[PDB]
Amino acid sequence: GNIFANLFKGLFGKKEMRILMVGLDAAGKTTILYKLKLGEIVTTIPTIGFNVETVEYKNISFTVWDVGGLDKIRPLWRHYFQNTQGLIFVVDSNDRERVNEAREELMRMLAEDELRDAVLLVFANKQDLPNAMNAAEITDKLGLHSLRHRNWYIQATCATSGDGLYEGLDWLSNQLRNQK
Amino acid sequence: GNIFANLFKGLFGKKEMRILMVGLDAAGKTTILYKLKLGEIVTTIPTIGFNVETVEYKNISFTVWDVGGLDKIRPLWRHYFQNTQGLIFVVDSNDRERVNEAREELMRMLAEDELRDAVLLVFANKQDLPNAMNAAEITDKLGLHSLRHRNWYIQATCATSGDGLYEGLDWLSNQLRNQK
Amino acid sequence: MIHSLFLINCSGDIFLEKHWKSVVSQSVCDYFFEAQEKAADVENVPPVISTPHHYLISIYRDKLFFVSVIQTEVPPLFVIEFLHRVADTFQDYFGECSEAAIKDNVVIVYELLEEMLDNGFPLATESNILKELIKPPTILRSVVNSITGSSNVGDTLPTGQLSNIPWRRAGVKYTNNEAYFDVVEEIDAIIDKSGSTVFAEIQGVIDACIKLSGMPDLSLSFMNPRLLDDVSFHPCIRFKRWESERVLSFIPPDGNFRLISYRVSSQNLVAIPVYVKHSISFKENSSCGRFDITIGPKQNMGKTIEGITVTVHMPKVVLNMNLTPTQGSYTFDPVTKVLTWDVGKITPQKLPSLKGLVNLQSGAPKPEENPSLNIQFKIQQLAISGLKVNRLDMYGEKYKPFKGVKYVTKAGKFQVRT
Amino acid sequence: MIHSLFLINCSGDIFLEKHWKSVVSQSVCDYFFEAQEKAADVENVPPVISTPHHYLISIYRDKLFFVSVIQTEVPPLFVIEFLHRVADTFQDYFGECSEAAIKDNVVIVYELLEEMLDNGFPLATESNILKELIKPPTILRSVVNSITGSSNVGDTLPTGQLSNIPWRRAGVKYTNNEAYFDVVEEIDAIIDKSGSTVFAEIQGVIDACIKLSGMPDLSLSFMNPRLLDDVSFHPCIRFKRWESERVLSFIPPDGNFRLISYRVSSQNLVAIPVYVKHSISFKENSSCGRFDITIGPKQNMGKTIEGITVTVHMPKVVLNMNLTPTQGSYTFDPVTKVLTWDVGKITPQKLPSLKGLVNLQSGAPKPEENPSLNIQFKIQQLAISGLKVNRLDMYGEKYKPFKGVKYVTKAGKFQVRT
Amino acid sequence: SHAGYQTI
Amino acid sequence: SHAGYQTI
Amino acid sequence: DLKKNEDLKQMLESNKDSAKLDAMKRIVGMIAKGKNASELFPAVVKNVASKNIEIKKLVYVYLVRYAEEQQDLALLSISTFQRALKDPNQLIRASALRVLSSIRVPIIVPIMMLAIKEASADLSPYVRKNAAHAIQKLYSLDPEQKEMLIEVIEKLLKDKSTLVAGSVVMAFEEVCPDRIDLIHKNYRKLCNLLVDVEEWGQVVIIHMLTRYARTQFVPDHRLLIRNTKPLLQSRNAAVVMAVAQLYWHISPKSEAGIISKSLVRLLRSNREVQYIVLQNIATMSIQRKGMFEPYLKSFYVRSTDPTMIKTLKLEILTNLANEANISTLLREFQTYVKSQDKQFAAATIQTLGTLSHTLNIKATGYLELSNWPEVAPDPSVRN
Amino acid sequence: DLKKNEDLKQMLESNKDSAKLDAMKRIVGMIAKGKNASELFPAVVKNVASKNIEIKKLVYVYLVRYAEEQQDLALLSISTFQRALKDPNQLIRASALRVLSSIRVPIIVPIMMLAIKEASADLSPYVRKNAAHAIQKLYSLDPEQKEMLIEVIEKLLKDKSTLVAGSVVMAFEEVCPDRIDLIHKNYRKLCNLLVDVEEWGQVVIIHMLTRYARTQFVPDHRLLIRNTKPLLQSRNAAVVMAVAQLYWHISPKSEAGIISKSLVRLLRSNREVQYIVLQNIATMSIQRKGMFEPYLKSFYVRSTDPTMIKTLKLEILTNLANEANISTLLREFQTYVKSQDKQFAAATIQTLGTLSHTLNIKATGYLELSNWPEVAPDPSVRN
Ligand SMILES: Nc1nc2c(ncn2[C@@H]2O[C@H](COP(=O)(O)OP(=O)(O)OP(=O)(O)O)[C@@H](O)[C@H]2O)c(=O)[nH]1
Ligand SMILES: Nc1nc2c(ncn2[C@@H]2O[C@H](COP(=O)(O)OP(=O)(O)OP(=O)(O)O)[C@@H](O)[C@H]2O)c(=O)[nH]1
Ligand SMILES: [Mg+2]
Ligand SMILES: [Mg+2]
């Protein structure tokens with residue numbers, strides 16, 4: 001139980017975060033996860049269950065749960081609400097037709113008492129497409145700034161390039177890192 | 001210089017092989033390499049240079065050089081002939097039109113004095129396609145059995161499934177592993 | 001085929017359960033228990049029992065009932081041999097097939113069941129594959145496991161599984177290369193009250209312990225091929241050579257296994273090494289009877305007979321018995337009416353014998369026939385049928401391994417009347 | 001803009017080369033060397049030299065010529081300041097800007113050049129970014145490097161690079177928080193042969209050493225704002241506050257840097273702390289002349305004058321000199337005809353003075369004018385212009401750091417005639 | 001363990 | 001190092 | 001204990017593998033003990049994605065046993081299998097297929113259908129073996145996929161490796177007992193492979209071929225018999241009996257005697273085998289008493305025999321009794337009457353190969369044997 | 001030494017990173033020394049794919065310096081960059097772009113063209129800054145891509161971050177000095193951003209705007225001047241001069257005097273600055289003697305001044321001499337004549353802002369300033 005032993009691990013790197021990743025179908029979640037983990041973009045198929053994977057960055061072990069958003073499985077999200085540190089909500093910046101839907105699901109996430117302590121990070125994904133809305137436009141459509149009593153931030157992203165992904169982790173690092 | 005130190009590493013795993021991977025365009029080389037390394041199949045583009053990557057398997061560090069086969073860069077292969085342990089030649093089992101071409105390039109590889117000590121492993125890739133020839137048919141088209149004084153073997157493969165890839169390494173393991 | 005498996009404690013308790021296709025209600029065992037209630041004894045339970053739904057197939061052994069649940073028609077022996085094989089596997093992994101062994105190794109046990117049967121049809125089978133899929137628990141292994149983690153499951157397929165020699169492990173390595181062949185003969189006999197042999201036959205088995213590395217080829221030649229008649233051959237044996245040359249060439253599985261099972265030709269007569277002189281009497285309503293038995297060397301082959309156990313199953317009229325042995329130790333069981341006499345061995349110059357009187361129940365009727373006697377016995381270095389091995393010749397490996405052969409004759413059921 | 005860089009050893013040797021756009025032939029330096037040959041001295045080399053192809057732009061400093069190669073028109077000062085900045089960077093990283101320092105750190109040097117200039121146009125610039133991109137070499141660092149590998153290059157962008165305060169490192173942390181301000185004034189003056197001041201002006205600079213963590217905001221107030229006239233402000237300074245309040249509020253870069261550069265208002269007269277009494281004579285074709293100089297406290301501010309170096313550049317007629325100092329040490333250089341007199345300090349009760357005779361070349365003509373004298377000197381705790389700092393007020397951080405300020409007046413070029 | 005076995 | 005500086 | 005349930009969940013939630021492991025062992029033990037651990041499903045299932053090979057093996061156990069009770073949550077863990085299915089490791093692939101195929105959720109049926117097709121095309125025979133079993137599962141799960149599976153089975157029947165052939169035949173026998181036209185295509189092939197096929201497959205194949213032959217025969221007939229012959233020396237009683245069965249219903253009557261020798265040696269095994277074998281002997285002897293009479297003494301009843309065994313031997317002795325041996329058997333019967341087992345004594349005073357006759361009740365799924373056709377089927381199909 | 005060359009290759013071939021590192025440091029040193037290490041290219045280049053960040057940085061150095069000599073082999077190492085370009089790390093991306101863009105091989109031009117478009121769309125400004133520089137390279141490499149690059153430049157000109165704006169303007173100035181219609185679109189924007197733009201960009205932008213204004217002017221004019229004003233207090237002499245230039249050719253003549261104060265303080269710097277500044281002063285004073293005369297004593301020549309400096313000051317003193325100060329200057333000139341520097345003495349007895357006038361020779365690429373148009377361009381374009 002040597003306190004220094006713990007401090008040693010801590011300085012040798014020993015933080016961890018439980019991050020639940022939810023969103024709608026084709027938001028780009030799976031892609032993001034593996035690009036952060038492997039670096040490369042892998043061939044994927046629609047997710048039924050979930051892929052959990054841990055990405056070590058800035059001495060923090062970010063454990064991310066790739067939970068699928070298909071209606072048939074969507075209710076599932078509730079089984080990951082327990083004990084999270086943060087919530088990543090990925091949005092397709094081109095799918096105008098389902099932005100409100102995404103907003104609703106997000107608000108439902110935000111309505112969960114269990115998740116009140118989680119920080120909210122929103123990814124405006126697929127910025128490399130010509131019809132993509134920018135972060136401000138997405139913010140407005142989602143009404144993220146109407147959120148009260150919660151720590152949140154929106155980050156423009158483009159998983160095919162990798163843009164915004166480390167930035168997302170940097171923001172999370174600062175919000176989750178109360179101290180070194 | 002403790003001999004045991006070396007034996008220690010050896011038993012803790014410490015073998016390595018220089019394997020040059022050559023073939024024709026769209027043979028499936030890149031895919032194979034990363035599937036062995038990462039496990040997943042990654043999105044790829046035509047290779048101009050080369051990707052070198054090491055896959056540890058059965059206590060052997062297999063270093064594989066993904067050298068592109070495009071005519072513009074094809075002559076390059078000669079700069080990797082030096083000091084190899086094995087040669088993997090990947091063949092598209094559906095590209096009937098270029099099998100003879102592949103054979104010629106392979107025979108040219110086989111004609112290199114520097115490579116006379118390398119073992120030859122041939123991958124009859126893309127077995128999941130309906131027009132694919134089987135290993136025997138590929139063997140005949142390539143004339144691999146006409147090869148003399150060389151250690152060689154053909155393995156049917158299907159990188160999209162991963163089939164034949166460990167098998168290939170198993171064969172190589174036995175040929176390269178003169179002793180533990 | 002097999003939907004589920006229940007292990008039933010002979011006290012009447014569902015010890016352990018395993019389901020492959022669906023959750024079979026434990027209430028199904030009520031029919032088993034009914035049959036058990038209607039059975040004369042634990043050894044008289046009908047192997048196959050039909051219930052309103054599902055058929056039960058069971059094996060009694062080691063004071064434990066293996067009860068399987070069958071949904072549709074399956075050849076009874078298919079199920080029986082498989083199930084029996086499972087029990088043997090448990091003995092291999094834990095050293096003993098018992099509930100206590102299981103209680104300690106439940107997790108492993110459960111896993112073994114998962115590997116062996118795939119949704120009702122056998123998957124993992126022979127021990128040389130199974131031992132690689134799941135490593136057997138040892139003290140030293142558990143020590144390693146406490147450090148590296150409880151890993152007893154292999155991450156690859158045993159190479160031998162996809163070879164043309166699936167019964168042998170690939171990459172076998174020994175520095176002390178050796179092989180043993182234990183030729184054990186079985187004397188199964190029915191002896192008349194006069195001492196005359198009613199029926200006797202010699203069965204036999206050649207067990208083997210193989211510790212040879214690589215891919216060796218063992219070949220056995222016998223001193224008298226003609227003694228071998230009905231002979232079962234382990235699957236590894238290339239019977240064609242047996243058929244044309246009568247030579248046992250094969251690639252041996254390592255570890256312990258039976259190689260040859262056989263019947264000795266009936267053309268020759270069976271030597272019976274033990275005779276039983278036995279004077280015994282009962283009297284209608286008497287408080288006392290008589291008992292005088294002598295065990296000795298009939299056709300003892302010039303060898304010392306040893307490992308002798310004499311068991312008499314007495315009639316209910318017997319209450320006690322004033323009987324004294326000339327050898328070993330003697331105890332009467334009034335609960336089941338059994339005379340247990342530990343003889344040990346027969347001395348060429350001095351015979352084992354029980355001499356005395358029987359304490360009978362006064363007022364109880366005379367037994368319709370005198371009680372029978374079962375005797376266990378054996379002889380070291382003896383192959384009583386005469387079958388000896390002519391020559392062992394190993395090919396394919398550089399070694400000059402121990403080539404050991406042992407001959408032991410061991411009694412099977414030996415029943416003598418009166 | 002800048003195609004290549006050559007470092008030329010003042011002995012006439014291509015010390016080191018760097019190419020950004022293409023391989024520039026070393027033969028291009030022949031024109032430099034030609035110009036050097038046609039130059040009166042190393043300090044009289046024309047900064048800009050045109051060659052048949054390419055223009056050369058160079059900086060002479062630290063006995064080293066930085067020679068750059070320009071292909072097309074670029075504002076000369078753009079190149080000069082950049083190039084000069086590079087030399088300053090070398091001093092920062094190695095502690096000294098010299099070939100010897102480079103010879104030992106060639107690899108690092110070459111890398112620094114790669115980071116600073118991108119294909120002819122500046123990329124890495126300010127030291128607070130560059131220091132993070134490439135860690136400076138230290139003994140302890142090299143020890144770490146011998147273990148973990150020679151890693152001095154960061155794997156991420158310095159956060160400050162993308163902030164609105166690029167001149168400051170992000171995540172700065174000190175336990176000993178402190179800040180220093182060194183107000184150094186410069187006395188640059190031309191003194192008449194009579195001792196009368198021809199021209200004098202006070203220039204000045206406020207240097208700063210900042211060891212404050214986080215994102216502090218320093219603010220300086222001066223005792224007499226009116227003394228400040230032409231004032232250059234470090235880019236970090238929010239000049240709007242300076243313009244409306246005349247207050248120096250800014251987020252300081254850490255490390256050592258110049259903050260304020262300024263000219264003192266000409267409305268007030270410059271106090272000259274040093275007077276020079278100097279009797280000197282020469283005679284046509286004489287073998288001997290005269291020399292008598294006294295250095296003392298004119299407007300010495302009631303302070304002790306120290307760090308004094310007296311340098312006279314004598315005419316070719318002088319062969320030697322029989323001259324004795326009343327202070328420090330005196331040496332004559334017959335190669336370049338220079339009187340080096342180390343004074344050190346002026347004692348209020350005793351003045352530094354050289355008294356004696358001059359050994360002249362007989363037959364050589366009398367100098368058209370008596371030789372001039374350059375004098376270096378300084379005063380501790382003195383801000384001779386009167387400019388003092390009124391108040392330092394730090395915001396944004398919890399600390400009560402050392403707020404130190406020092407005033408030193410240091411001579412610039414001080415030339416007195418005859 | 002070899003004890004008791006005959007060589008063959 | 002603070003020696004020589006005035007507090008302000 | 002609810003507190004313990006919470007502790008189990010804490011360990012499942014914990015990122016410490018040792019904690020996870022312990023929890024799973026406790027859980028598996030509870031499964032073995034018949035305890036209702038369905039409450040833990042929401043938590044346990046999260047670890048299905050764990051990379052700890054030992055732990056996830058245990059998870060598969062849990063998962064399968066409760067798949068039918070938490071169908072929703074089971075759905076919610078499919079992807080890890082589907083992805084694992086394409087891992088370049090034959091062992092893993094097979095196990096992935098197994099645990100995938102074992103999830104009884106209607107929703108994932110089409111997923112598995114695809115997986116089956118992929119599995120059948122796998123270049124390794126190990127996986128193909130598993131594919132066959134998976135077919136059997138899927139069929140029983142959803143009978144409406146039958147035609148698709150039949151296609152796949154036919155394709156599997158064209159393999160040459162014995163490692164696959166055995167299991168495939170079994171799958172056929174259950175899924176599609178009809179459509180014998182799918183068998184004749186590989187008749188001569190199987191007739192040779194049988195020798196090398198593993199004993200468990202041998203039993204199944206033999207029964208299949210026996211009933212096959214009953215419809216095809218009225219050179220290929222002899223091929224079957226000839227290749228079968230050696231099998232009588234098998235260590236596996238089930239094989240021996242299966243062979244005996246085949247000859248009994250297929251062999252020329254003049255050659256039938258060859259099996260009784262082996263049938264007798266089967267009597268040397270354990271009591272379960274003895275029970276079944278004696279029933280087969282008793283059944284057979286009704287038609288051919290001469291096949292067992294030469295071994296009469298082997299049917300003598302001894303004191304260690306269970307009443308039901310004593311009865312069976314007695315029944316055989318009944319058929320084998322005649323004027324050339326009645327002088328001995330009656331004396332034996334007198335002793336048997338004198339025995340204290342009065343049930344046996346009373347019975348004494350009065351004195352093929354499948355489940356159905358051992359029950360003497362048509363068992364579920366009992367296939368009926370046909371009589372030799374008056375006209376044999378056209379030989380071009382390899383009879 | 002050929003043996004050493006072999007040893008270097010052995011280390012390059014060796015799988016030991018320490019060996020690789022040492023070899024590369026030796027190699028870079030040889031590059032710095034001007035030694036021909038092109039022979040090692042075939043070997044060195046293999047390590048371009050190395051994951052050791054320090055080593056591959058060194059490799060980039062080698063690679064670029066020999067890219068033009070082994071074009072074939074350079075081609076044969078492109079993929080690692082192209083792949084690295086998409087790595088989710090802004091630092092890496094930028095460096096990847098740089099070293100990629102530095103490979104002078106005609107064959108890979110279209111590859112880079114695509115990369116430029118991708119770089120311009122990168123969400124991070126850091127990369128966009130690099131994209132601008134890369135454009136400049138590509139243009140000089142292949143002038144026939146100009147129209148494409150112009151499109152990209154226009155797009156980059158629409159950014160708001162100063163981190164990008166500076167470099168983009170530079171790229172514009174070189175690639176497309178014409179097409180001032182691409183500038184007015186962002187005129188008011190740049191006029192404000194200038195203050196926050198980094199000093200190196202400030203210099204470039206100012207020159208651009210100066211010549212811009214010469215064609216657009218004959219409120220927005222004053223915007224330029226007003227926002228520029230504060231810059232006179234810059235630490236960077238180049239900026240100061242650039243500002244001075246702008247006012248000299250743009251400011252109302254009544255306000256011109258404001259810069260001479262700062263021009264004088266520039267004389268306090270080093271000899272290179274002094275040399276250039278004095279040339280600018282001498283040039284300016286020809287038209288406006290009153291701007292420097294108030295500071296006359298600052299131009300006095302001292303004994304430490306280099307002959308060329310002594311000359312320049314003398315030249316300024318020439319223009320500033322008149323009847324109100326000739327009584328002093330002649331006395332100074334007498335002393336100057338008495339000085340041992342006879343070249344200076346003889347000269348004594350006789351007694352904007354760019355490269356071209358400092359040479360007094362039209363320098364390569366010299367843009368010419370226009371005269372104020374008789375009619376100003378239509379103001380709707382933000383003048
Ligand atoms: N154009 C574009 N496509 C993207 C981007 N990110 C992901 N995609 C594509 O979007 C599709 C869906 O991506 P996934 O990662 O499978 O989406 P998901 O959120 O995991 O979907 P579910 O598994 O159903 O929850 C794939 O074809 C991706 O390649 C992006 O930044 N730009
Ligand atoms: N159907 C099928 N496609 C495959 C298989 N293996 C690879 N491919 C596809 O073939 C195409 C070419 O694969 P690559 O790995 O890029 O081929 P390569 O040999 O690396 O080509 P170069 O880089 O030009 O040398 C890709 O679209 C792959 O997805 C396979 O087994 N089956
Ligand atoms: Mg997904
Ligand atoms: Mg490729």
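The chain as shown is numbered from 1 upward.
Method of determination (from the header): electron microscopy, 4.2 Å.
Using N, Cα and C of the backbone, Cβ positions are placed for all residues, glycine too.
According to Swiss-Prot, the protein has these features:
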| type | residues | note |
| --- | --- | --- |
| BINDING | B:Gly23, B:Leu24, B:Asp25, B:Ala26, B:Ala27, B:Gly28, B:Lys29, B:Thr30, B:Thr31, B:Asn125, B:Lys126, B:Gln127, B:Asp128, B:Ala159 | GTP binding site |
| LIPID | B:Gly1 | N-myristoyl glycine |
| MOD_RES | B:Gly1 | N-acetylglycine |
| REGION | B:2-15 | region 'Important for the stable binding to the membranes' |
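Its Cβ taken as reference, B:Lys126 (GTP binding site) is surrounded by 23 other Cβ atoms within 10 Å in the chains shown. Here B:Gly1 (N-myristoyl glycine) is positioned 46 angstrom away from B:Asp25 (GTP binding site), judged by their C-alpha atoms. Listed in sequence order, B:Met21, B:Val22, B:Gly23, B:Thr47, B:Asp66, B:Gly69, B:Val90 are the same-chain residues at least 6 apart in sequence whose CB falls under 8 Å from the CB of B:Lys29 (GTP binding site). If you measure from the Cα atom of B:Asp128 (GTP binding site) to that of B:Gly1 (N-myristoyl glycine), you get 51 Å. Here the region 'Important for the stable binding to the membranes' (B:2-15) has, by DSSP, the following mix of helix, strand and coil residues: 9 helix, 1 strand, 4 coil. The distance from the Cα of B:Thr31 (GTP binding site) to the Cα of the residue listed as 'N-myristoyl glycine' comes to 40 Å. Comparing the recorded positions B:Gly1, B:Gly23, B:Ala27, B:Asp128 on other C-beta atoms within 10 angstroms of each C-beta gives the minimum for B:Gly1. Looking at B:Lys126 (GTP binding site) and B:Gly1 (N-myristoyl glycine), their Cα atoms lie 47 Å from each other. Under the DSSP three-state reduction, B:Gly23 (GTP binding site) is assigned to strand.
DSSP assigns B:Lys29 (GTP binding site) to a helix in the three-state reduction. Other Cβ atoms within 10 Å of the Cβ of B:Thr31 (GTP binding site) number 19 in total over all chains.
With respect to ligand 4, the binding-site residues B:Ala27, B:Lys29, B:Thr31, B:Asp128 contribute B:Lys29 as residues with a C-beta closer than 6 angstroms to one of its atoms, given in sequence order. Pairwise Cα distances among B:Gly23, B:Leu24, B:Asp25, B:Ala26, B:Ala27, B:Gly28, B:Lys29, B:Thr30, B:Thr31, B:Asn125, B:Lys126, B:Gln127, B:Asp128, B:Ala159, the recorded GTP-binding residues, top out at 19 Å. For B:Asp25 (GTP binding site), the Cβ neighbour count at a 10 Å cut-off comes to 15, with all displayed protein chains included.
Between the C-alpha atoms of B:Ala27 (GTP binding site) and B:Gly1 (N-myristoyl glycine), the distance comes to 44 Å. Checking the recorded positions B:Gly1, B:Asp25, B:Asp128 against chain G with a Cβ-Cβ cut-off of under 8 Å leaves B:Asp128. Look at B:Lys126 (GTP binding site): DSSP puts it in coil.
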